[PDB]
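Step one of this worksheet: look at the structure below.
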Amino acid sequence: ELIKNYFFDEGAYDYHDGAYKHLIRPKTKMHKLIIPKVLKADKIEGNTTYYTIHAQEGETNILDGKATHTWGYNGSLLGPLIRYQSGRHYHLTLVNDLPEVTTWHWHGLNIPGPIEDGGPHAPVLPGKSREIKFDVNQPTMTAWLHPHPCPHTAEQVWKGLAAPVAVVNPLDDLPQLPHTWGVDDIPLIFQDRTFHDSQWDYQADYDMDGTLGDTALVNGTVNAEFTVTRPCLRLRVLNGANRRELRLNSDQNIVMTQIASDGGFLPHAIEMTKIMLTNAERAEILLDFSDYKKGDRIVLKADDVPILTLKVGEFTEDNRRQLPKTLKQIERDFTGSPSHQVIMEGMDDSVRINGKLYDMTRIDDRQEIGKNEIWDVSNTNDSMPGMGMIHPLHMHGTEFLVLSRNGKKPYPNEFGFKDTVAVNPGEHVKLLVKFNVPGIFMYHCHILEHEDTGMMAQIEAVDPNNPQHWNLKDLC
Amino acid sequence: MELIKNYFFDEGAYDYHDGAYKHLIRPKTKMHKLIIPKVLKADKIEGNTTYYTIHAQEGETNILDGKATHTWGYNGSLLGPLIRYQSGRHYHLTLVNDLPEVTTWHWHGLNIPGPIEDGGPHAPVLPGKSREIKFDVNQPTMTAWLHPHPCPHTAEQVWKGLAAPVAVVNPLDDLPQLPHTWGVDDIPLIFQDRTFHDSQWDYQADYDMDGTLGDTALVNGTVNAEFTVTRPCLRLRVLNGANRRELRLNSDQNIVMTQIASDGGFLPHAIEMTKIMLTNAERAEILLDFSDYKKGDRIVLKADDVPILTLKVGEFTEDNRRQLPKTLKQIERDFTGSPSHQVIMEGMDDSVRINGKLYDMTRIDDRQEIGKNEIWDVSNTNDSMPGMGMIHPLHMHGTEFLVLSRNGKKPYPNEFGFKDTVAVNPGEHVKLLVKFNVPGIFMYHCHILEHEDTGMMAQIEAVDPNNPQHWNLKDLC
Ligand SMILES: [Cu+2]
Ligand SMILES: [Cu+2]
Ligand SMILES: [Cu+2]
Ligand SMILES: [Cu+2]
Ligand SMILES: [Cu+2]
Ligand SMILES: [Cu+2]
Ligand SMILES: [Cu+2]
Ligand SMILES: [Cu+2]
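Chains as they are written, first to last, in our numbering: chain A, 1 to 476; chain B, 477 to 953.
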């Protein structure tokens, strides 16, 4: 009934690789946890909400010595909480104030591709800016924004470009849940970085099988501590490393109630003392500190290494509210042969999707919008422990259902919608996919060095009432 | 603890189930700034007595952005000002009539001597003439209101534009933690439905015996109302002052409403909810909190899927949040036994009848000794079969009462506090606990005003056993 173990096949974990790097608990002061500021609108005129977002340089005190040269959204590093609302329209002004081209990929949002998507087709030259419009129609969930150029996605994210996104659909939201951002409701944006005189050098730490960093960050903070002012606490976890798998445990094995995955809430909640997330996998979780006095620390650790210390303070309210046994209604009853097939293969430099690398001008698949197709994403690495690797399939422009893993029921927290799934070596994952808008989307391994090296294919979501010519140019 | 994500009353008997119901049309005008009713300044304070003058008058109000709209109003063109009382005080009121027909001043909420001070259908003020009245006030901290209650034009007159919010602060039960800065962190939300004929209100045209409905929603006589929130906590004093329309208040972002009070003062404990339903005259004081909102973000409040008020978040000047006690007000509720009174509300359209009889102004329909706690059994004999039924709100003059039971089950979560107006669903027996404090003749009537007019009104005598006053009843109607 209670889960006390990490989910994916241990034999293929990251630490088996020959160029892994353990996390080093840094000898710095416990820093206070940085909450990303809420992005105010520039104006509201109707059902349209206006947003401006500068991607810009800056210097951030992360260590207690020098500043660190960082890139960031509307800031020095990282980015603000960008709230959307299902059933609204949004005009965004994407300013580029970096010295190289960037994009704005809305990892989670189901908006037209490839321009709004912010995939490798929506470049913004330095100095220049861009405007975009899109409706939003999807469930209540946590998304995020990262650059997705070609082929420098990895470098950019490393530099410090990431930002949490919150998409509240009034129709499936639970406002019982802690919603006081910063107090009872916080992000946990896990990242791994190496410091060279308090500076991040991507070129130095680069590895084509995934760039690892010896120090863990949390919302751009190191040795982060957070004072819990309230009994319930909703963490919105996110692995935004380039490769590192996030193995989240606690030093007192506090029960984590996972209420949501990437693409919205789970049918039912899932209690567990530990959790593994691959790159870009989100998890919304609830902890309860009723049975703790004041001053008691609860350390959260990536693997062996502390990353966030939850210090119990004087509770101001009681913010515990009854939840429904069924968090969200989802039809899962769908059988039949897969009408699509994705064969992820190779490691290091052998990374390829269905034998091919990425061609920006090519369409690699087509699927009618609105229809429920079944995909078969697989991984042909060596299952023999140590030989294998865990690739996470991400798909733009859609949330999908995990139906099965090699015929068997998916892990207990995979019944809810997902836009990012882990694929173990020798595993056939069968997904149920439906595209709501039309347009060109990507599907790619979300280890960002694999993406850069061509583990990226495109799909056209076709409207049957508007066959569209796509004139797609290569940009690299 | 749970969060209420639903209205309360039986959906099968909602207003929209009427054959000739009218959906609310969002009117196509410019967003208007919400009109806050000015404070009623005293005319003089000498001692424990505060002097008040109130002219009911005509005028012309800019509601739509084209032509003016002929309105009736208290000390103004439309509606009226915030009238403040204070428990344990005496008040001399000069009620001036500057209308072209007879009106009264019914103080809906106040527990003052009937039927002259009450402003019931016995306290007419002929045009041009005026009246003076004296009364103490001794009741809890609560939101009341003033509407005209003549025979039988109560409905017409309210429609013309006669209403006013009333605030009664008893020092003994008042919570000064709560936002008290009227116009800033503390505002009314007087919901009214009206139809415009070339920017003009025609009651006669829109009249229906089963309740007059209007295609446009007003809020403090404002249309497309916006209000700038200059502060984190905001205390709305919600009031349905329509003739029939039931106010189903919801938000498109499901902001939690913490109900602190009902009609007759505060609730024992606060009640969080994302939605709420109020029948006519039912008042609800609620708290919204905008902590988790940046600046510029709109929060729409809508009546049954039609916006009525846009709360725009502005630059907070203060933090006005203050910890509230788990118990907002202590109330004895433990009271058993057989009902010593019975009210049988029956009929729709013009079948409206209390215990089989219509309204007779010269007849006393019941008697109860003051001070004592009697139990009533208000009920409704409409058809429970969905569609076929109607929700009648029982109002009683001169008293606040406690809802004990609804068909033997506990009352809705926000009905433990005192009330002067209760909804009665079809097939429902509501058992109330009532006590009159002053003596005098009071009404009890359905507060759909076109029923009150057709004659869904009965009278009760509140009898002082020690000092009876002989009652001779004459009809003006
Ligand atoms: Cu994405
Ligand atoms: Cu991504
Ligand atoms: Cu991507
Ligand atoms: Cu890969
Ligand atoms: Cu009334
Ligand atoms: Cu009354
Ligand atoms: Cu009345
Ligand atoms: Cu009635």
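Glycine residues also receive a C-beta, built at the ideal position from the N, C-alpha and C atoms.
For residue i, the nearest candidate out of the options (CA to CA)
i: A:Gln329; options: A:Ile275, A:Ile369, A:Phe315 and A:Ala269; result: A:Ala269
i: B:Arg843; options: B:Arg720, B:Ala544 and B:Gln935; result: B:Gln935
i: A:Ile369; options: A:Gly213, A:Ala41, A:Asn465 and A:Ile254; result: A:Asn465
i: A:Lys434; options: A:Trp375, A:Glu451, A:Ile189 and A:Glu449; result: A:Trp375
i: B:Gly832; options: B:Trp635, B:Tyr683 and B:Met932; result: B:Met932
i: A:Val222; options: A:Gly11, A:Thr28 and A:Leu23; result: A:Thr28
i: B:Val906; options: B:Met866, B:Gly874 and B:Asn856; result: B:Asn856
i: B:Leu909; options: B:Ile917, B:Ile924 and B:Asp810; result: B:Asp810
i: B:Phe792; options: B:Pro902, B:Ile784 and B:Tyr769; result: B:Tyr769
i: A:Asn424; options: A:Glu245, A:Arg130 and A:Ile111; result: A:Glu245
i: A:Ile440; options: A:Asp303, A:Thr103 and A:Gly113; result: A:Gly113
i: B:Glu522; options: B:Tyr567, B:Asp541 and B:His493; result: B:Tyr567
i: A:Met384; options: A:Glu427, A:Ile62 and A:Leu33; result: A:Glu427
i: A:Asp184; options: A:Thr60, A:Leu310 and A:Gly160; result: A:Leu310
i: B:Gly823; options: B:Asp686, B:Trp581, B:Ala631 and B:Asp780; result: B:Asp686
i: B:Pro652; options: B:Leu710, B:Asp940, B:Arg798 and B:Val914; result: B:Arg798
i: B:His927; options: B:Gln945, B:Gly874, B:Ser827 and B:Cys953; result: B:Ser827
i: B:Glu808; options: B:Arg829, B:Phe892, B:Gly865 and B:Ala518; result: B:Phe892
Supposed contact pair residue j and residue i - C-beta distance, whole angstroms, cut 8 Å
i: B:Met749; j: B:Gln735; result: 7 Å
i: B:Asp649; j: B:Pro616; result: 5 Å
i: B:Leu555; j: B:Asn646; result: About 25 Å separates the two Cβ atoms, so there is no contact after all.
i: B:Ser738; j: B:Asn890; result: 6 Å
i: B:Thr692; j: B:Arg670; result: 6 Å
i: A:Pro392; j: A:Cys445; result: 7 Å
i: B:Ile512; j: B:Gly659; result: 5 Å
i: A:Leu403; j: A:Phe417; result: Actually they do not touch by this definition, with Cβ atoms about 12 Å apart.
i: B:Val515; j: B:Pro557; result: 6 Å
i: B:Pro597; j: B:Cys627; result: 4 Å
i: A:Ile363; j: A:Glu225; result: At roughly 49 Å, the Cβ-Cβ gap does not stay under 8 Å, so A:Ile363 and A:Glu225 are not in contact.
i: B:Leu777; j: B:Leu715; result: Contact doesn't hold; Cβ gap of about 13 Å is too wide.
i: A:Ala12; j: A:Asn381; result: 7 Å
i: A:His396; j: A:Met442; result: 5 Å
i: A:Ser250; j: A:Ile298; result: 6 Å
Beta-carbon contacts of residue i that lie in its chain and below 6 Å, excluding the five residues immediately before and after
i: B:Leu949; result: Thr838
i: A:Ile132; result: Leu92 and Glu116
i: A:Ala19; result: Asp207
Bridge-paired residues (DSSP) for residue i
i: A:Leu246; result: A:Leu277
i: B:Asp669; result: B:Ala693
i: A:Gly264; result: A:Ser261
i: B:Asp612; result: B:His566
i: B:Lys770; result: Looking at the DSSP assignment, B:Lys770 forms no beta bridge with any residue, so it has no partner.
i: A:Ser129; result: A:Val95
i: B:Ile820; result: B:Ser855
i: A:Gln458; result: A:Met442
i: A:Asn239; result: A:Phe190
i: B:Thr537; result: B:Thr545
i: A:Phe417; result: A:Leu401
i: B:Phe811; result: Partner(s): none; B:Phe811 has no beta bridge.
Own chain residues within Cβ distance below 7 Å of residue i, not counting five before or after
i: B:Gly884; result: none
i: B:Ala620; result: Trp583, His584, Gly585, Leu586, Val642 and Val644
i: B:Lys498; result: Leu689 and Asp691
i: A:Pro99; result: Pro126
i: A:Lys32; result: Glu225
i: A:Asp288; result: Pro231 and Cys232
Beta-carbon proximity list for residue i, same chain, < 8 Å, skipping 5 on both sides
i: A:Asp359; result: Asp474
i: B:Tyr483; result: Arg724, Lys751, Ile752 and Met753
i: B:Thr803; result: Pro744 and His745
i: A:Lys371; result: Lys434
i: B:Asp674; result: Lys543
i: B:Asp678; result: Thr671
i: A:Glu1; result: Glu271
message = Give me the pocket residues for ligand 7, defined as CB within less than 7 Å of any heavy atom, sorted by chain position.
response = In chain order, the residues with a C-beta atom nearer than 7 Å to some heavy atom of ligand 7 are B:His582, B:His584, B:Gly596, B:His625, B:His871, B:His873, B:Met919, B:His921, B:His923 and B:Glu928.
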